[PDB]
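Chemist: The structure file my_file.txt (compact mmCIF, C-alpha atoms) is provided below.
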```txt
# COMPACT_ATOMS: atom_id res chain seq x y z
CA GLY A 1 39.24 -25.24 17.25
CA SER A 2 39.21 -21.91 15.45
CA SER A 3 37.21 -18.74 14.93
CA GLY A 4 37.37 -15.09 13.95
CA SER A 5 35.52 -12.31 12.17
CA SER A 6 35.27 -8.57 11.66
CA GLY A 7 33.84 -5.79 9.52
CA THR A 8 33.04 -2.10 9.30
CA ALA A 9 31.62 0.63 7.11
CA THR A 10 30.13 4.11 7.08
CA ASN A 11 28.38 6.58 4.82
CA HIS A 12 25.82 9.37 4.73
CA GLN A 13 24.35 11.53 1.98
CA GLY A 14 21.17 12.98 0.55
CA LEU A 15 19.68 15.73 -1.59
CA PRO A 16 16.21 17.15 -2.26
CA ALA A 17 14.58 17.05 -5.67
CA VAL A 18 11.62 18.53 -7.52
CA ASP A 19 8.40 16.93 -8.69
CA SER A 20 4.97 17.61 -10.15
CA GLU A 21 1.55 16.73 -8.80
CA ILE A 22 -1.15 19.05 -10.08
CA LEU A 23 -1.79 18.47 -13.76
CA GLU A 24 -2.23 21.22 -16.32
CA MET A 25 -6.00 20.87 -16.39
CA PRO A 26 -6.35 17.94 -18.80
CA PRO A 27 -9.08 17.91 -21.46
CA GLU A 28 -11.99 15.50 -21.67
CA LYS A 29 -14.92 14.76 -23.95
CA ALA A 30 -17.20 11.99 -25.15
CA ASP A 31 -19.94 12.21 -27.76
CA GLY A 32 -20.69 11.56 -31.41
CA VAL A 33 -23.56 11.39 -33.87
CA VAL A 34 -26.92 9.75 -33.25
CA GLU A 35 -28.47 6.81 -35.06
CA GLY A 36 -31.54 4.64 -34.61
CA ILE A 37 -34.95 4.28 -36.23
CA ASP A 38 -34.75 0.66 -37.31
CA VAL A 39 -36.00 -0.39 -40.72
CA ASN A 40 -38.45 -3.12 -41.68
CA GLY A 41 -36.62 -6.22 -42.85
CA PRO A 42 -33.83 -8.64 -41.91
CA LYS A 43 -31.19 -7.21 -39.61
CA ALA A 44 -27.57 -8.31 -39.42
CA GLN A 45 -26.68 -9.57 -35.96
CA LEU A 46 -23.13 -8.60 -35.09
CA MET A 47 -21.37 -9.89 -32.00
CA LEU A 48 -19.01 -7.20 -30.77
CA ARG A 49 -16.18 -8.87 -28.88
CA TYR A 50 -13.85 -6.62 -26.93
CA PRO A 51 -10.24 -7.53 -26.11
CA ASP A 52 -10.67 -6.57 -22.48
CA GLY A 53 -12.50 -9.89 -22.37
CA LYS A 54 -16.02 -8.49 -22.40
CA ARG A 55 -18.39 -8.79 -25.33
CA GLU A 56 -21.58 -7.28 -26.68
CA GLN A 57 -24.07 -8.25 -29.36
CA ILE A 58 -25.98 -5.72 -31.44
CA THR A 59 -28.28 -5.65 -34.45
CA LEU A 60 -27.66 -3.48 -37.49
CA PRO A 61 -29.17 -3.26 -40.98
CA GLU A 62 -27.59 -5.05 -43.91
CA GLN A 63 -27.65 -1.75 -45.76
CA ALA A 64 -25.99 0.01 -42.85
CA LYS A 65 -22.55 1.29 -43.77
CA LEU A 66 -19.80 -0.74 -42.15
CA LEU A 67 -18.78 2.55 -40.57
CA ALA A 68 -22.04 2.32 -38.66
CA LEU A 69 -20.69 -0.73 -36.87
CA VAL A 70 -17.26 0.86 -36.70
CA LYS A 71 -18.75 3.96 -35.11
CA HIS A 72 -20.47 1.72 -32.59
CA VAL A 73 -17.25 0.14 -31.39
CA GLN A 74 -15.85 3.64 -31.71
CA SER A 75 -18.28 5.17 -29.25
CA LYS A 76 -18.02 2.04 -27.14
CA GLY A 77 -14.37 2.76 -26.48
CA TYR A 78 -12.29 1.63 -29.44
CA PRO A 79 -11.12 3.99 -32.19
CA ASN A 80 -10.64 2.34 -35.56
CA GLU A 81 -7.42 4.24 -36.16
CA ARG A 82 -6.36 2.42 -33.02
CA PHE A 83 -8.29 -0.84 -32.81
CA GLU A 84 -9.43 -2.92 -35.76
CA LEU A 85 -12.63 -4.89 -36.17
CA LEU A 86 -12.36 -8.49 -37.30
CA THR A 87 -14.79 -11.27 -38.13
CA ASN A 88 -15.17 -14.93 -37.26
CA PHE A 89 -14.30 -16.49 -40.60
CA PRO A 90 -12.78 -16.03 -42.86
CA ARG A 91 -10.51 -13.68 -40.95
CA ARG A 92 -11.36 -10.31 -42.45
CA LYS A 93 -10.16 -6.97 -41.15
CA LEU A 94 -13.21 -4.76 -41.52
CA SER A 95 -11.36 -1.77 -42.91
CA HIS A 96 -9.30 -2.44 -46.02
CA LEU A 97 -12.48 -3.12 -47.97
CA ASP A 98 -14.37 0.08 -47.22
CA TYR A 99 -16.98 1.67 -44.99
CA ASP A 100 -19.16 3.27 -47.64
CA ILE A 101 -20.13 -0.31 -48.39
CA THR A 102 -22.88 -2.23 -46.63
CA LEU A 103 -22.82 -4.60 -43.67
CA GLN A 104 -23.20 -7.15 -46.44
CA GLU A 105 -20.23 -6.08 -48.53
CA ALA A 106 -18.05 -6.02 -45.44
CA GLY A 107 -19.27 -9.59 -45.10
CA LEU A 108 -21.16 -9.33 -41.83
CA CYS A 109 -24.49 -10.65 -43.04
CA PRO A 110 -26.62 -12.15 -42.12
CA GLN A 111 -25.10 -12.90 -38.75
CA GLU A 112 -21.40 -12.51 -38.06
CA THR A 113 -19.09 -12.18 -35.07
CA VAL A 114 -17.32 -8.84 -34.96
CA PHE A 115 -14.18 -9.04 -32.85
CA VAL A 116 -12.30 -6.02 -31.56
CA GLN A 117 -8.53 -6.15 -31.94
CA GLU A 118 -5.67 -3.73 -31.43
CA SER A 119 -4.33 -2.15 -34.59
CA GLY A 120 -0.75 -1.01 -35.05
CA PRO A 121 0.40 2.33 -36.47
CA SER A 122 -2.33 2.92 -39.03
CA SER A 123 -3.16 -0.53 -40.34
CA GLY A 124 0.45 -1.56 -39.90
```
Output the file's structure as structure tokens, nothing else.

Modeler:
Amino acid sequence: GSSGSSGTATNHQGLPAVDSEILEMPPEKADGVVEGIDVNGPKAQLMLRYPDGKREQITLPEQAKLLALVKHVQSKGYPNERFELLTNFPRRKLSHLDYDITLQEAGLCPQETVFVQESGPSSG
């Protein structure tokens, strides 16, 4: 038979610190241009697909400047400078090309799937 044990210790300290709660009245805004008035003819159906997991389909003109679609996703909650718009196939990053072009040039006609992706530091 056998047995035994023991132990001990002690301590005590503390000190107050600072902190911040109230913010310095942060800014806030949300608004842009205004488009509409559809035109007579074939429209390009674009399927906006957000990364969050949600999606949204819209209809724009084939003559509509890519920017138009870009602005859409822009007002939706995705700045180009930040996020980049892609297609279904072939994989095309709606940007390099240009915006002054047409939904067609960008290659989003007639119907194409526009996916929203996160862009690095300015393109990359």

Chemist: With distances taken over all atoms listed in the file, which of A:122, A:52, A:67, A:107 is nearest to residue 81 (chain A)?

Modeler: A:122

Chemist: Between CA of residue 57 (chain A) and CA of residue 43 (chain A), what is the distance in Å, rounded to a tenth?

Modeler: 12.5 Å

Chemist: Nearest to residue 46 (chain A) among A:111, A:5, A:74, A:88, with distances taken over only C-alpha atoms: which residue is it?

Modeler: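 Going through A:111, A:5, A:74, A:88 one by one, the smallest distance to residue 46 (chain A) is for A:111.
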
Chemist: To one decimal place in Å, what is the distance between CA of residue 91 (chain A) and CA of residue 42 (chain A)?

Modeler: 23.9 Å

Chemist: Looking at all atoms listed in the file, which of A:116, A:44, A:97, A:106 is the one that sits closest to residue 79 (chain A)?

Modeler: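 Of A:116, A:44, A:97, A:106, the one nearest residue 79 (chain A), counting all atoms listed in the file, is A:116.
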
Chemist: Compile the contact shell of residue 56 (chain A) as a ChimeraX atom specification: residues with an atom at most 12 Å away, counting only C-alpha atoms, same-chain residues fewer than 5 positions apart removed.

Modeler: /A:45-51,72-73,76,113-116

Chemist: One decimal, in Å: what's the spacing between CA of residue 41 (chain A) and CA of residue 96 (chain A)?

Modeler: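 CA of residue 96 (chain A) lies at a distance of 27.8 Å from CA of residue 41 (chain A).
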
Chemist: Every residue with an atom at most 9 Å from (-20.6, -4.9, -42.3) (file coordinates; all atoms listed in the file) is what I'm after, so could you write them as number ranges by chain?

Modeler: A: 44, 46, 60-70, 94, 99, 101-109, 112, 114

Chemist: Between A:22, A:121, A:59, A:85, single out the one closest to residue 39 (chain A), counting all atoms listed in the file.

Modeler: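 Of A:22, A:121, A:59, A:85, the one nearest residue 39 (chain A) is A:59, counting all atoms listed in the file.
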